Amino acid sequence: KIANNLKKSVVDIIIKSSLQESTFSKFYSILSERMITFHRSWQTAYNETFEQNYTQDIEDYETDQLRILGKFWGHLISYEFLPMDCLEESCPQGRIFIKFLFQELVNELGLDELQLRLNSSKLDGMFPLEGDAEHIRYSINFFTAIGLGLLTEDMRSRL
Amino acid sequence: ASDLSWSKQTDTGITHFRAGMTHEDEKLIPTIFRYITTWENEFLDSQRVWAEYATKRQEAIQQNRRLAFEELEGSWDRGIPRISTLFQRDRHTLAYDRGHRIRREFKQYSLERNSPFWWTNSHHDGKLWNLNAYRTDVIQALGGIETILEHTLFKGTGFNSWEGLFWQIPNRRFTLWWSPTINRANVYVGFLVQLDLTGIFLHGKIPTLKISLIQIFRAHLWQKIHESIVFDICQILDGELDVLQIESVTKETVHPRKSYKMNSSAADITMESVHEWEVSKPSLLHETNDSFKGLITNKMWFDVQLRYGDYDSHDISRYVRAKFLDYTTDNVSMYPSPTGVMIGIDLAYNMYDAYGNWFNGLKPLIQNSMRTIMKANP
Amino acid sequence: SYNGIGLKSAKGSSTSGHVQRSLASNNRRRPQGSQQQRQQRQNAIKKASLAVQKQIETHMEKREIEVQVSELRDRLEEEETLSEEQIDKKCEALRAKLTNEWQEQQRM
Amino acid sequence: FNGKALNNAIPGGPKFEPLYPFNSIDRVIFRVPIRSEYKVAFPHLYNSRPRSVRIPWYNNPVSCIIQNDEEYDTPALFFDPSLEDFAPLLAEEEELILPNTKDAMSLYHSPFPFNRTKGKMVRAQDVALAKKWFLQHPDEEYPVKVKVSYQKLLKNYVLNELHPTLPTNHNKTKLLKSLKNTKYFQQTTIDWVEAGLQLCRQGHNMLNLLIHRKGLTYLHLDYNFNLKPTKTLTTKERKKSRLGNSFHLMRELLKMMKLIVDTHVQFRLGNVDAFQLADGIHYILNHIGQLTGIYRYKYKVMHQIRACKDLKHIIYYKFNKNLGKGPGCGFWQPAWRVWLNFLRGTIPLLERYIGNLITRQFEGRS
Amino acid sequence: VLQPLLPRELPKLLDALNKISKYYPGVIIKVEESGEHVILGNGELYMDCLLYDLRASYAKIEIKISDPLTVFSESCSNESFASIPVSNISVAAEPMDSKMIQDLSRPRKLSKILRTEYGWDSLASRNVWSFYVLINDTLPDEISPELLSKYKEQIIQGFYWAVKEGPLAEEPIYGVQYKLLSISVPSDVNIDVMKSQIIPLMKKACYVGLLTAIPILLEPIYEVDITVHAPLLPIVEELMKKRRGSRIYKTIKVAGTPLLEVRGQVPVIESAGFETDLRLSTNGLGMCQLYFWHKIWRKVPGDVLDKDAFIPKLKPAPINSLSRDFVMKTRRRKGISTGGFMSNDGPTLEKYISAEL
RNA sequence: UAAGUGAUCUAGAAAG
RNA sequence: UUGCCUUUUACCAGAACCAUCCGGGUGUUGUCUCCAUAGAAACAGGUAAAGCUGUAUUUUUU
Ligand SMILES: O=P(O)(O)O[C@H]1[C@H](OP(=O)(O)O)[C@@H](OP(=O)(O)O)[C@H](OP(=O)(O)O)[C@@H](OP(=O)(O)O)[C@H]1OP(=O)(O)O
Ligand SMILES: [Mg+2]
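All of the points below concern the structure found in this document. (Residues numbered from 1 in each chain as written, not as in the entry; some residues may be left out. Chains lettered and ligands numbered in written order. Part of a larger assembly, values for the part shown. Heavy atoms only, no water. Residues with missing side-chain atoms left out of burial classes, pairs and counts.)

Notes on the overall build of chain A
Thought 1: Helices and strands together make up the secondary structure of chain A, namely eight helices and zero strands.
Thought 2: Walking chain A from its N terminus toward its C terminus, one meets helices and strands in the order α-α-α-α-α-α-α-α.
Thought 3: Relative to the compact-globule value of 15 Å for 159 residues, chain A shows a C-alpha radius of gyration of 16 Å, a close match.
Thought 4: Judged by the C-alpha coordinates and their principal axes, chain A covers about 55 × 30 × 25 Å. (Helix = DSSP H or I, 4+ residues; strand = E, 2+ residues; numbered from the N terminus. Rg over C-alpha atoms; globule rule 2.2 N^0.38 Å.)

Here's what the structure looks like:
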C-alpha cells in the first residue's frame, strides 16, 4: 500500500537489489513489468528512475553491474516504455551501458524489427539525421562497434 | 495456486497466491531461490566470460605474457566451468581425469552414502553457488543479531557484548539457548507447572528444557541464591544500621519452600526500628518522586522474589509491584507490617528491580546495593 | 476451497492455506488495454486494405417489372376487373411497356 | 452443508474436509466468471457432479420498517403514491393505537425468543445466547483471528446440525431418579457454594482413598487437585504410580470444578466483587487448558478449548466495540455451555473408565 | 448440455429425459449430433429444478454438465449483395422489419393487405410468401410464367431445415427475409430426385444468402425485474456495469414502500447467477427476477468472420471480439469445427469472387 | 478508456 | 478414508454405520402438599341477570 511519495524510491531500491546480484534476472524484469502494468504512478516512477540512471547514477557503476542494469532496462524497453531516450560528450560508462541495452534489444526483438521500431520513434540522441558537422560520425562509429546497419545509409544521406 | 480445474486444461497466468509456510508474527524470511543464479543467466554469463577469457588469452599470446588472475579478477566467480578452475592448485593433475561425470553418476550404484551433489564436481567446475549471501540476508531479516538474542538466554549469561562471544547432549545446548522463547508465557493450552525447588514456570512440559534447567539449578541452587541474597541484604543493613536509625535487622526464618514458593510469601528480613520512620507510599526503585504521606512505620520488612523470565514476561518492575501488593492484601502469609520493601531478580535476564515503601534516604542505598550485588554476588 | 482456486483443504498442506488474489491479476485482467499499442501498431502496419453485382442488378430490373405486374394486379382485383382477361391483358401490357422501357435502357 | 458437500466454502462461513477425492476450454465461453456462491445457490445446475447435496431456500423481499422513537404509523424511509343512524365497526374505540401496540408490532416482527408470549422453560445451558452472533454474519473488519474464530464456530455448528443424534427414548430411568429410588440417599436444600465445597471435600476424599487403596501413598494429592509424588520414586514404584487416563481425567474435572467453586467462595468470602467474580469465572472457562492440563489426558478436549477461545474472541470484540482493551469482561455463559456439553459427552466415558478402574481395584483384572 | 457420467448408463438418461419432457413442458430437449443432449430451461432456477428432478428421482445417475450456454440465433444486418446459385438455386435474404418481427412472434389477399399494413411492402412480395419460425418469398421474374416454381412445399421444408440449423453453428435463423432469385431445375427430372436435390440445396442457398447478407449472430435478452430498497439503487447500476450488455429502462418507484421495482435487460449470456449475485451485494434486500417472453433478440456486439478476433482463453472476451468467439466456440460445442484451430466461412466456388474482389 | 475489499492449519500428556 | 506422524494410547477431520450420555414431550395412574369440604336444585309465576327473534296497495301475510 505504498503511497505515490516513495514509489520512485521503491523502484530505485529494486534496481539496486538487481545490481547487487551476479547477473540480470528474469525475476526483476517480471516484477518491473507487473508493477508497471498496475498503476500509471508506477509507470511514472519507473520512467523517472530511468532518467535518474542515465542522468547521474549511471556513471558510478562497474561494467558488470552497469551491464546488468542495461539488460534490465532493455527488457523493459522491449515492451512497457515508449523508446523515449534522452541521450559526442558523455561517453564514460553511459555509452557502454547503451551498448548493452541495444544488445539486449536486438537479442529480444531482432535487428530489422528493432530498426523499424526505432524508425517509428523520434530518436534524437541515438539517430540524428541533421548532420551537425561530423557529429553523426560519432553515433555512426559507436554503432559500428556493435552489429548495427543503416549507419552507412545515414552517412550517405548526409554526405 | 491458480484455478485448479482450468489450470489442468491450459496454463494460466498465476492469479491467486496461497500462503505457503506461514507463521504468527510473520518476519519475511528470504528464500534460498533468490540467492542462486538461475541457470539461463549462468549460461549466457558463462558464454560472455569464457569469450572474454578467450580474447584475453589471444592478447596474452600476442603480447607474449602469462595472463595472470590479477587481470581476470571479477570474472573469477562466474562462468561454467568456473574461471577459478583455470588457476587452481593442480589442473595439470586433473587434466587426465576424463570420464569424471560418468564416474560420479555411477557412485550411485556402488555406495551407501550416495553423494547429493553427484551432478557436479568442485575440482572440475568450482563452487556453482554461494550462500553466505543467504546467511547474511537472513540474519539481517530477523531484526538483526541484536534482536534474535532477545529470544535467547544471552541476557542470562551476562556477557559484555554479544560481539565478544566469538574468538541428546548436543541439542540440549540448543534447547537451553532458546529457553526463554521456548518456555513462553503467552502460549496456547500449555498447563502451568513449576520445576522442583524453583520458580521456573514451564507452560506445558518440555523434557529437554526441564532436564537442562534442573541441571542448571542442581544442589538446590535457586534456594541457595535466594538465601544468599537475603544474607547480603542483612549484611548491608548491619553495615548501614546507624545511618538509617534501625533498632534490629532480624531474619524471619521461613521454610526452604519460600525461596521458590510463588502463591505466598513470608517476609525474609524483618526490620525493627528505633523511632517511627514515616515511610513513603509504595513505589519502584527508579521512581524518584517518592511521596511521604503522614503514615508511619515502627517496623519494615524485606523480601526477595526470584523469578525466571521468558521472551514474553521480560519486565520485572511490573512483576515485582504485583508481587508486593499481592502478598500484602492477601490473607495468607501476612507480613508483620503491611508496609515494607520487596526486591525481585529476573535470573533469566539479570534484570533486578524492587517495589515498596521507602524510609527517607534509604532508596539510594538500596539502588546502589542492587547494582553491587548484580555486578558480583557470588 | 473457494472459486475453483483455494486449496482442497488446509489439512495436509501443512500451512494456513490462506488464499490471496494476486495483484498481477489486474495486469492479467487488462493486458490488451495496457498493451493495445503493441497490436495497434501491427494493425496500422496492415491497415490500408462483379458477376454477383450484375446478378443483383438483373434481379432488381426484372423485379421492378414484376412490381409493375403486381400493381396491375392490384388495380384490377380492387377496381372493376372480375375477369381473367383483364388480368392477363394487364400483364401483357406491363410486359410490352416495361420491356420496351428496359429495351431503351439496354440501348443506352 | 452444500459448501461442505462441494468444497465450495462461502468465505464468510466454514470450510470442511472434502466429502470426496467435454467441459474443455476450447468449448465453453467464460462470460460470467462462475463463482462459488452460485455453486451452492443452484447446486444441481452450476455445480456439475453434485453428491449428497441439499436444496437451500429461495425468498421474498422484506420491508419491515422499524420505528426509531416517540411516534407511530408514519411513512419515513419511502415515497408516496402518485394519486339509518349507524357507525362503523368497533365504534367508541377512539384511539387506534394503544400505548403498547407501538412495541407490540416490534415484538411481532421479532425472532423466536421474543416472538411469542408463552413457552416452555429451557435449561440455562439449553439457551444459546452466543449462537445468534456467529450464525448471522460477522459485523465489520475484525482482526483475522476473530474471523477465523467465527468460521471455526460455524464449522462446529454445521457439524452439529448435520449428524443428528436422535436421543433414544426407552432408557427413561435417569441416574438421579435411580438413586432417589434407594434409601441410601437423602435430599436437602444446600447452598450452591456449600454443594461445591462439600463436593471438593468429597472428591478429594474419593481420590485419596483410591490412591491409598492402590497402595501408592507416596502420591500426595494437594487440596487443589494438583497431584505430585512426595519422594523420589523407585522404578517399580514409579511404574505402579503411572495412574491412567481415567483417574487423571477425574482429577482434572475436579480441578476445573475446584477452581470455579473456589472463586465463588472467594467472592462470597468477602474478598472479591461480583464483577471480579464474573471475570474470574470467565477467565477459568476460557483458560481451562492453561489452568488444568485436561488436554493432557484426553486431547479431544482441544476442541472444547478451541471453542472457548473462539467464543472469547467473538465475545470480547462484541464486548469491546467502543470500550477499549483490558481484562475486565465477564460474560461466561456460552463458554460455560461448552463445558457443560463436554461434561455431558464425557460422563458416559468416565462412568465406563472409572467403572473399570474401581472394578480392577476391587475384583482382580480378568 | 447433459452427458451421463458413464456411457454404460446412457439409456436411463434418455428415459429420464423423456420423463422430464413429459413433466416439464417448457423444455426443448434437442438431442445433439455428438450424443451430448441439450436441455433448454426457461431460466436458471427452473433449469436447476429440472436437473434435480432428473438427477435425483428419475435418472439417479451422475451427469456431466456444460456451463449455461444460451441458444443463439443467426441473422443478417443488410440485404444480400450477391445471388450466387447452388448446384451439384440463388436465395437472397434481408432483415425483416422490426415491427414485423414483433408482429410475427405472436387467404392471400388478406395476408397481402396485412403485410402492407405492417411495413407497406409491395404486393409482388406480398403474394409470393410462405413464412415460418423467417419468410420465404418466391420473388424471381420467371416464377409466375413457370410452374417449376410450383410445388414449393418440399422447398419450404428445406427452408425449414435451414431455419433449424443455420450456417454459423447449427444456430436457428431469426428475423430474416428470403427473396428467391433463380432455380437450377433442368427440363427432364424425377420429382423425387429433383426435390431431394433441392432440399439440401435450399439449405445451401439460404446459407449463401446469409453469408452475403453480412450475417450477424443474435443473443437473447432476459427482461429483468429488480425490487430493491431505494438506498441500494446505485449498487444495482454498478452490478449492471459489471455485467455485459445490460440496460436499465425504468426505475418505477413502487408506491408506499422502499422498493424501486426496476425493469432491466441482461443478455441471456451475461445472466448467470444474476439473482444470487444481486442478493449477495444487496444484503438480501433485492429479490430479483429474470424472464424471456418478449423474444427480444439482439445482436451480439462484434462482427463474425474474423481471423485474429480476440485476446483471452480464460478471461471473458472483449465486446468487439465477442460474436466471433461465440460462433467458433458454439461450433466446437456442436462438433462442426475440426480440432482447435478452424473458421466459419463460405463453401462456394470462384474463390468467393476473390474474397469480394 | 486506466489500482489496491476480502478467504490465515496447527497447538500436549503417558508409555515406549 | 485422510493428517500429525510413524510404535500404541492419546489424537486431526471427514464418511458410512451405529451406540452412550445430558436433557424433553405428552397421556394415564398414583402418591405428597396447600386450599377445600356441598346429597339435591327446577315447576305457577314475579324479581334481577345471561343466550336468539321482533319492531297491506304484483311473487308469499291482506
Ligand atoms: O489470541 P489469543 O492467543 O487467545 O490471546 C488473547 C488475545 O491476545 P493476543 O492478541 O496477544 O494473542 C487477546 O488480545 P486482543 O486480541 O483482545 O487484543 C486478549 O484479550 P484482552 O485484550 O481482552 O485481554 C486475551 O487475554 P485475556 O485472556 O487476558 O483476556 C489473550 O488470551 P491469553 O491471555 O490467554 O493469551
Ligand atoms: Mg514394541
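Read on, since the account is not over.
What about the interface of chain D and chain E?
Thought 1: Contacts between the two partners involve 33 residues from chain D, matched on the other side by 49 residues from chain E.
Thought 2: Among the elements of the structure, helix 2 (36–41) and helix 3 (43–46) of chain D are those that each provide at least two residues to the side of chain D that touches chain E.
Thought 3: The element best represented in the side of chain D that touches chain E is helix 3 of chain D, accounting for four residues.
Thought 4: Counted by class, the side of chain D that touches chain E contains 21 nonpolar, six polar and six charged residues. (Contact = heavy atoms within 4.5 Å. Nonpolar A, V, L, I, M, F, W, Y, C, P; charged D, E, K, R; others polar.)

Here's the deal with the sheet that holds strand 5 (residues 269–273) of chain B
All names here are of chain B.
Thought 1: Spatial ordering of the open sheet is given by 4-5-7-8-9-6, a layout of six strands whose pairing is mixed. Only two strands of the sheet have a single neighbouring strand rather than two, namely strand 4 (246–251) and strand 6 (283–284).
Thought 2: Pairing between strand 4 and strand 5: five bridges, direction antiparallel. Looking at strand 5, one finds that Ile246 is bridged to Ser273.
Thought 3: Across the sheet, helix 12 (residues 221–239) lies against strand 4, strand 5, strand 7 (299–304) and strand 8 (341–346), angled at about 165° from strand 4, the strand it touches most.
Thought 4: On the sheet, helix 14 (residues 363–375) packs against strand 6, strand 7, strand 8 and strand 9 (351–356) and is oriented at approximately 25° with respect to strand 8. (Pairing = 2+ DSSP bridges. Axes fitted to C-alpha atoms, helices over the stretch in contact; angles between N-to-C directions.)

Digging into the sheet that holds strand 5 (residues 135–137) of chain E
Residue and element names in this part refer to chain E.
Thought 1: Taken in spatial order, the three strands make up an open sheet running 4-6-5, and their pairing is mixed. The sheet is open, and its two borders are formed by strand 4 (90–95) and strand 5, each paired with just one other strand. Averaged over all pairs of adjacent strands, the angle between strand axes in this sheet comes to 25°, irrespective of strand direction.

Notes on the pattern of salt bridges
Thought 1: Measuring nitrogen to oxygen at the nearest pair gives 2.9 Å for the salt bridge that ties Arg137 of chain A to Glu134 of chain A.
Thought 2: Linking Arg48 of chain B and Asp45 of chain B is a salt bridge whose minimum nitrogen-to-oxygen distance equals 2.7 Å. Of this pair, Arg48 of chain B and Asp45 of chain B both sit in helix 2 (residues 39–63), three residues apart, roughly one helical turn.
Thought 3: Salt bridges linked by common partners bring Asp64 and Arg67 of chain A together with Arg78 of chain B together as one network. (Salt bridge = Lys/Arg side-chain N within 4 Å of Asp/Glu carboxyl O.)

Describing the packing of helix 8 (residues 233–242) of chain E against helix 9 (residues 274–281) of chain E
Residue and element names in this part refer to chain E.
Thought 1: At a closest axis distance of 10 Å, the pairing of helix 8 and helix 9 adopts a crossing angle of 140°. Put simply, helix 8 runs oblique to helix 9. Read as a crossing pair, helix 8 and helix 9 show a hand that is right-handed. Along its contact with helix 8, which presents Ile235, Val236, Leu239 and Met240, the element helix 9 presents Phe274, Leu278 and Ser281.
Thought 2: Of the residues that constitute the contact of helix 8 with helix 9, the class distribution is six nonpolar, one polar and no charged. (Parallel < 35°, antiparallel > 145°, perpendicular 65-115°, else oblique. Left-handed = near helix turned anticlockwise from the far one by under 90°.)

Comments concerning the interface of chain B and chain D
Thought 1: With twelve residues of chain B at the contact, the number on the chain D side is 17 residues.
Thought 2: When its residues are assigned to classes, the side of chain B that touches chain D shows six nonpolar, five polar and one charged.

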